[PDB]
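Reading through the structure tokens given below for one structure.
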Ligand SMILES: O=C(NCCOCCO[C@H]1O[C@H](CO)[C@@H](O)[C@H](O)[C@@H]1O)c1ccc2ccc3ccc(C(=O)NCCOCCO[C@H]4O[C@H](CO)[C@@H](O)[C@H](O)[C@@H]4O)nc3c2n1
Ligand SMILES: O=C(NCCOCCO[C@H]1O[C@H](CO)[C@@H](O)[C@H](O)[C@@H]1O)c1ccc2ccc3ccc(C(=O)NCCOCCO[C@H]4O[C@H](CO)[C@@H](O)[C@H](O)[C@@H]4O)nc3c2n1
Ligand SMILES: [Ca+2]
Ligand SMILES: [Ca+2]
Ligand SMILES: [Ca+2]
Ligand SMILES: [Ca+2]
Ligand SMILES: [Mn+2]
Ligand SMILES: [Mn+2]
Ligand SMILES: [Mn+2]
Ligand SMILES: [Mn+2]
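Chains as they are written, first to last, in the deposited numbering: chain B, 1 to 237; chain B', 1 to 237; chain A, 1 to 237; chain A', 1 to 237. A prime marks a further copy of an entry chain.
In structure tokens form, the structure reads like this:
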């Protein structure tokens with residue numbers, strides 16, 4: 001179908017598809033089946049920050065989610081992304097809900113990808129940063145339930161006007177421009193993505209999470225991906 | 001029609017529309033009629049570098065074209081670009097020929113725009129750099145005669161396979177993503193664009209030039225803009 | 001008589017040396033008397049942001065001070081800094097109180113310097129940023145009363161443990177490294193600086209101010225410079 | 001016994017201290033004997049590029065050396081540098097010859113250091129770049145035989161006016177400022193370095209090599225370090 005690499009933040013365990021029985025962060029390579037996961041003491045109603053980072057050299061893909069004044073969960077998995085991904089991709093943030101529900105507000109999102117070549121400073125590069133989202137973001141492709149303008153914030157999931165979240169929503173947000181993520185002849189290729197989010201839920205149990213993801217250029221939301229699939233994968237299979 | 005701000009490099013004087021009688025650089029605000037110009041000792045067959053820079057603070061738009069081991073022509077004109085331009089634009093390089101002809105090879109092109117807001121480091125930003133152009137550039141919108149892949153270079157104007165240029169060509173190249181160039185509430189807005197080019201002509205007199213330009217999102221090439229209009233303006237009027 | 005260039009922020013108008021009546025920002029090029037100024041609707045106890053930007057192309061030095069939800073005071077002055085300044089400088093911040101007094105608290109400070117040249121981005125550069133000041137900052141030079149570590153802030157003037165400002169206080173903080181501020185052979189020579197500050201006085205009347213300055217590598221506080229001279233100038237010439 | 005971490009590039013294998021037979025690159029963590037290495041198909045007289053990249057999340061230090069149109073030699077090592085290194089270091093380059101000798105010419109060198117934290121990009125950072133070395137570089141610390149200004153290059157080992165390398169030579173160059181390399185409270189602590197170099201010997205056999213190193217602020221050349229120790233380590237322990 002469409003190739004998907006993503007870093008997932010399960011607020012909701014899904015022991016039927018494999019997810020551990022605790023709020024976790026994890027690395028998904030073409031399958032909601034995480035190839036590596038780590039325990040995340042999630043904080044309800046607090047603004048937190050995720051850093052994603054990968055370099056050709058280590059071939060190690062990494063992520064750190066962390067709150068102020070709080071321990072930070074980290075995950076790392078050796079993968080070679082030119083085998084996996086197409087030469088041109090498009091990056092973005094995705095998030096969704098199920099029975100249980102949560103606010104998936106993205107307060108800020110940045111990202112940087114460099115292609116340093118065999119001759120140095122013959123590099124190629126793209127960096128893009130949002131610390132507030134305007135009422136109309138010409139350069140974000142918004143998919144599903146995604147809405148901007150609410151308090152200068154990106155809401156990937158749907159929320160009622162009073163501020164309570166709603167269930168069984170998928171919204172997904174993408175950068176307008178395609179990213180040349182890797183090349184046949186580059187000595188180092190790298191890419192970092194940082195984004196801060198606010199997850200607050202009225203219910204004691206929230207669901208399902210946020211994921212930063214990378215896919216081929218022409219990606220649209222999978223049918224019936226609402227819930228534990230996070231708007232990234234069509235099937236747990 | 002479509003609003004156009006651009007820095008022009010006339011290799012060919014056009015004294016019928018106003019252009020001075022020497023190879024010049026100049027500032028065009030919605031009219032091929034340059035509002036300020038400066039003398040440029042152009043160098044045939046040598047790689048040269050243009051720097052464009054503008055900040056909300058000075059409200060002064062500036063450009064410098066310069067060769068290695070050679071004097072550098074500079075131009076500057078006070079303009080306030082939120083009055084002129086739409087809130088969202090799209091940037092790019094344009095170039096064309098007439099009776100006389102030239103190669104308009106773009107060896108590299110970068111650009112950066114920042115929106116620092118009334119609260120600091122609540123900024124918004126986009127930077128993008130090409131030091132080589134691949135056979136297929138997914139993220140460049142190519143218009144008219146524009147072609148990439150030839151020796152890792154962007155050729156805005158048409159060129160025969162042996163390497164000689166051809167006449168009465170317009171090619172124009174644009175960044176896929178729209179640039180949020182200014183905002184109603186930002187204490188400093190700024191944007192810098194740098195690009196290196198190679199102009200070589202078999203004929204003693206070459207024509208017409210290269211221009212970096214900014215326009216509304218939906219800009220396409222004007223009809224009959226080939227020649228002294230540089231693929232930017234429909235009429236000298 | 002070390003050479004010194006600066007962007008000053010006067011909370012105290014010293015009418016005999018030329019300070020306008022109203023609290024102003026100004027450009028001080030080699031003398032305390034400001035070459036140009038602009039009215040500044042200062043806000044007591046609110047954090048503000050200073051932006052400062054100059055480049056070899058415009059040859060305009062300029063600056064904007066700005067509080068949230070309030071107009072921003074701006075100023076510009078056409079000056080060629082390679083005439084005025086040595087080839088190699090140190091950059092830094094200064095502030096001072098006299099009979100009247102204020103809290104000169106620096107919350108954050110960053111600075112960029114590029115020497116782009118004729119070739120394909122064969123430039124020389126330096127950038128540094130502080131959103132928190134550590135308890136021992138060994139890459140700042142601390143001069144006078146200046147202190148770090150309290151709340152992660154830089155305090156250029158002396159304050160009590162309760163927080164009360166003191167009178168007749170003078171403090172400077174310089175980046176440890178020397179900056180290559182201009183070159184004989186570089187086609188453009190941009191440099192940008194940004195910083196935030198907190199100014200609060202119990203008093204009806206606060207004094208004197210903060211200034212971003214640039215001077216020689218060997219620069220030290222001029223004697224008897226507390227008060228009107230902001231730790232910058234020996235005399236009021 | 002100053003503390004020191006480094007990425008070494010051996011043209012001369014010193015088999016008794018563990019250098020493999022073949023010319024190698026390696027990670028030297030607190031001792032000259034390399035913790036891990038990889039074969040390097042060195043090219044005489046051709047400029048090459050070294051890339052070096054480490055981050056607190058992976059906790060992997062790694063590096064790639066690369067010539068145009070040739071495979072690139074790579075190496076990695078899992079090490080937690082805040083255990084090994086002091087909180088505040090200086091970075092720099094070192095190289096040396098012994099009985100056998102080579103030209104250790106540094107054409108260009110850049111370095112980035114970020115201390116991203118838990119908050120919304122409230123980080124601390126430093127970046128610097130050199131594509132040309134000036135005649136007097138007063139923000140490099142020059143140690144040993146190291147010299148600037150010849151062709152705009154850095155020469156870490158001594159060379160004649162004709163260009164002939166010399167034997168038993170040792171040279172280091174450090175950035176003037178101290179780097180905050182890690183923090184107790186920072187959630188990630190990335191740092192990246194890049195540099196190009198020219199290595200040429202008249203001989204069949206060249207020696208010894210160049211190394212990027214990190215050490216304490218007060219670090220100076222260890223005595224008797226020419227030859228195998230590359231200006232880095234007092235002893236071969
Ligand atoms: O008004 C006072 N007693 C009378 C004489 O003090 C001069 C001010 O009175 C002014 O009005 C009087 C009435 O017409 C005149 O008789 C004076 O000749 C003067 O013009 C007086 C009473 C208490 C004081 C306590 C601590 C102090 C520390 C330093 C200075 C000083 O060196 N101060 C020197 C003089 O005071 C102002 C200088 O300003 C200084 O302090 C300012 C504080 O903002 C700075 O802006 C400025 O750069 C200077 O450093 N002063 C005091 C001080 N002065
Ligand atoms: O081979 C020579 N004459 C014989 C004795 O020289 C030792 C090498 O001969 C080797 O083989 C011989 C035959 O089996 C043995 O009898 C020796 O005991 C030794 O193992 C000889 C002839 C001329 C010389 C001229 C200038 C010099 C400067 C310094 C040194 C030195 O300190 N040199 C010390 C010894 O030479 C190698 C050290 O390598 C040094 O130089 C290398 C150059 O790459 C570095 O890699 C390395 O780290 C060292 O600094 N040597 C010379 C030197 N040596
Ligand atoms: Ca889940
Ligand atoms: Ca023309
Ligand atoms: Ca004053
Ligand atoms: Ca060796
Ligand atoms: Mn899952
Ligand atoms: Mn014209
Ligand atoms: Mn003043
Ligand atoms: Mn070795």
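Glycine included, each C-beta is placed from N, C-alpha and C at the ideal position.
Alpha-carbon to alpha-carbon, residue j and residue i
i: residue 231 (chain B'); j: residue 8 (chain B'); result: 11 angstroms
i: residue 16 (chain A); j: residue 223 (chain A); result: 20 angstroms
i: residue 169 (chain A); j: residue 180 (chain B); result: 55 angstroms
i: residue 123 (chain B'); j: residue 67 (chain A); result: 15 angstroms
i: residue 195 (chain B'); j: residue 149 (chain A); result: 44 angstroms
i: residue 135 (chain B'); j: residue 120 (chain B); result: 21 angstroms
DSSP-derived helix/strand/coil call for residue i
i: residue 15 (chain A); result: helix
i: residue 232 (chain A'); result: coil
i: residue 69 (chain B'); result: coil
i: residue 44 (chain A); result: coil
i: residue 216 (chain A); result: strand
i: residue 83 (chain A); result: helix
i: residue 152 (chain A'); result: helix
i: residue 221 (chain B'); result: coil
9 angstroms Cβ cutoff, residue i in contact with chain B'
i: residue 217 (chain B); result: yes
i: residue 121 (chain B); result: yes
i: residue 41 (chain A); result: no
i: residue 113 (chain A); result: no
i: residue 72 (chain A); result: yes
Within chain B, the residues that residue i reaches when beta carbons sit closer than 7 angstroms
i: residue 124 (chain A'); result: What residue 124 (chain A') touches in chain B: nothing, since even the nearest Cβ is about 15 angstroms away.
Per DSSP, cross-strand counterpart(s) of residue i
i: residue 28 (chain A'); result: A':6
i: residue 133 (chain A'); result: Bridge partners of residue 133 (chain A'): none, in fact.
i: residue 78 (chain A'); result: A':60
i: residue 209 (chain B'); result: B':10 and B':96
i: residue 54 (chain A'); result: A':191
i: residue 165 (chain B'); result: B':159
i: residue 127 (chain B'); result: B:127 and B':112
i: residue 180 (chain A'); result: A':88
i: residue 105 (chain B'); result: B':155 and B':198
9 angstroms Cβ cut-off: residues of chain B' touching residue i
i: residue 44 (chain A); result: Here the premise fails: no neighbours, minimum Cβ distance about 18 angstroms.
Under 9 angstroms by beta carbon: chain A' residues contacting residue i
i: residue 139 (chain A); result: 88, 126, 177, 178, 179 and 180
i: residue 37 (chain B); result: Per Cβ cutoff of 9 angstroms: no residues; residue 37 (chain B) is ~15 angstroms from chain A' at best.
Any C-beta of chain A' under 9 angstroms from that of residue i
i: residue 153 (chain A); result: no
i: residue 134 (chain A); result: yes
i: residue 102 (chain A); result: no
i: residue 184 (chain B); result: no
i: residue 225 (chain B); result: no
Partner residues on chain A' for residue i, Cβ-Cβ distance less than 7 angstroms
i: residue 130 (chain A); result: 124
i: residue 58 (chain B); result: 58, 60, 62 and 76
Partner residues on chain A for residue i, Cβ-Cβ distance less than 8 angstroms
i: residue 49 (chain B'); result: 118, 119, 120 and 187
Contact set between residue i and chain A, taken where Cβ atoms lie within less than 9 angstroms
i: residue 196 (chain B'); result: 119, 120 and 121
Short CB-CB distance (under 9 angstroms) between residue i and chain A
i: residue 192 (chain A'); result: no
i: residue 53 (chain B'); result: yes
i: residue 161 (chain B'); result: no
Interface residues of chain A' facing residue i [CB-CB closer than 8 angstroms]
i: residue 107 (chain B); result: 120
Min CB distance residue i to chain B below 9 angstroms
i: residue 69 (chain A'); result: yes
i: residue 34 (chain A'); result: no
Within chain B', partners of residue i - CB distance below 7 angstroms
i: residue 66 (chain A); result: 118 and 187
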